[PDB]
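Just follow the structure's listing: the first ligand is 1, and inside any ligand the first atom is 1. If you read the sequence from its start, that first residue is 1, and numbering goes on from there. Every heavy atom of this structure was used, including side-chain atoms; hydrogens, water molecules and symmetry mates were not.
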Amino acid sequence: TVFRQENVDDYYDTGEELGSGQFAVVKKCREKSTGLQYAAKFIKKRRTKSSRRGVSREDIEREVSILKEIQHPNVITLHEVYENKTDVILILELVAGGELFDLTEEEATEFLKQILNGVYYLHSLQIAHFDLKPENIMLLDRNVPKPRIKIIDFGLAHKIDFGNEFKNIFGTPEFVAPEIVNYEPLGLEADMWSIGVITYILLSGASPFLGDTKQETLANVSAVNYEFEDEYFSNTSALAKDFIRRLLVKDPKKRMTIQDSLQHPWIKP
Ligand SMILES: O=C1c2ccccc2C(=O)c2c(O)c(O)cc(O)c21
């Protein structure tokens with residue numbers, strides 16, 4: 001699909017840089033016609049068919065197609081798309097409150113419940129995010145009594161219409177499920193593993209699989225080499241550990257689903 005090729009600078013003024021990704025830079029911006037504020041994600045296009053630099057148009061279009069389906073309070077929403085020779089520019093809802101990690105169990109579950117609601121939305125649409133990790137969990141406004149989380153960064157996300165996708169889809173070693181590490185078929189279940197990692201870090205401030213090098217982390221993930229350290233998890237409830245234990249499970253078929261996680265006694269009201 002082709003996107004708007006007028007100069008984005010004719011319709012928007014860009015501000016401070018918000019953040020980055022590989023082959024992407026995110027800048028604050030303001031639409032001239034409404035005065036409304038957005039985040040402009042500039043994604044660098046591949047210059048040739050065989051190039052390693054930049055993002056292939058197939059990958060850019062997938063991210064855009066998924067974003068267009070999404071309207072939920074816990075997920076970032078897409079406003080407009082522009083392009084030129086160098087970049088595709090996604091005009092995205094501005095999420096200004098920072099990364100969530102930037103805790104009591106009540107406070108953790110408060111944010112975790114919103115993450116689960118957002119992932120429940122995506123999985124209901126057969127969308128696997130595949131990139132879930134703390135830096136992709138943002139706060140809309142951190143000055144409100146009840147801060148809203150928004151899931152961001154759909155750059156790895158895929159529709160799973162067959163129940164699994166066989167592709168090389170590989171995120172950050174600390175957060176990827178064993179089936180990603182092992183290059184096996186992937187599905188919504190990989191997101192549920194990442195949720196278990198996030199939950200472990202949310203409660204303890206420690207990363208369950210993190211090794212001294214990337215290969216060590218990957219090896220730890222594939223072997224499910226983690227434990228709840230007493231120093232970190234003393235005074236953490238047994239139900240909280242139960243919730244994590246049922247997510248960090250090598251066999252994707254045995255892992256809790258998003259529906260299971262919402263009915264788990266630690267989460268369920
Ligand atoms: O880094 C950021 C980022 C940093 C500070 C605020 C918002 C964002 C943000 O919305 C964002 C995306 O939506 C994305 O799709 C990839 C990103 O890297 C970011």
Subject >> Side chain proximity check, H264 to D260, heavy atoms < 4.5 angstrom >> reply: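 Contact flag for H264/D260 side chains = no.
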Short N or O separations between ligand 1 and the protein, below 3.5 Å:
| residue | atom | partner | partner atom | Å |
| --- | --- | --- | --- | --- |
| ligand 1 | 15 (O) | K41 | NZ | 2.7 |
| ligand 1 | 18 (O) | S20 | O | 2.8 |

Subject >> Listed once per pair and sorted, the salt bridge (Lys or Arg N to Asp or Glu O under 4.0 Å) pairs that draw on residues 95-117, sequence neighbours left out >> reply: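 Qualifying pairs: none.
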Original post:
How would you list all residue pairs meeting salt bridge (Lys or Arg N to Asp or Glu O under 4.0 Å) that involve residues 224-242, not counting sequence neighbours?
Top reply: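 Salt bridge (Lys or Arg N to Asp or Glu O under 4.0 Å) check on residues 224-242 returns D242-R246.
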Original post:
Considering the options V88, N7, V8, which one meets the side-chain contact (heavy atoms from CB on, under 4.5 Å) requirement together with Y82?
Top reply: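 The passing option is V8.
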**OP:** Decide whether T213 and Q215 meet the rule of one side-chain donor and one side-chain acceptor closer than 3.5 Å.
**Re:**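 Short answer, yes.
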Original post:
Which residues pass the side-chain contact (heavy atoms from CB on, under 4.5 Å) test with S51, sequence neighbours left out?
Top reply: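 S51 satisfies side-chain contact (heavy atoms from CB on, under 4.5 Å) with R46, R47, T48, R53 once adjacent residues are dropped.
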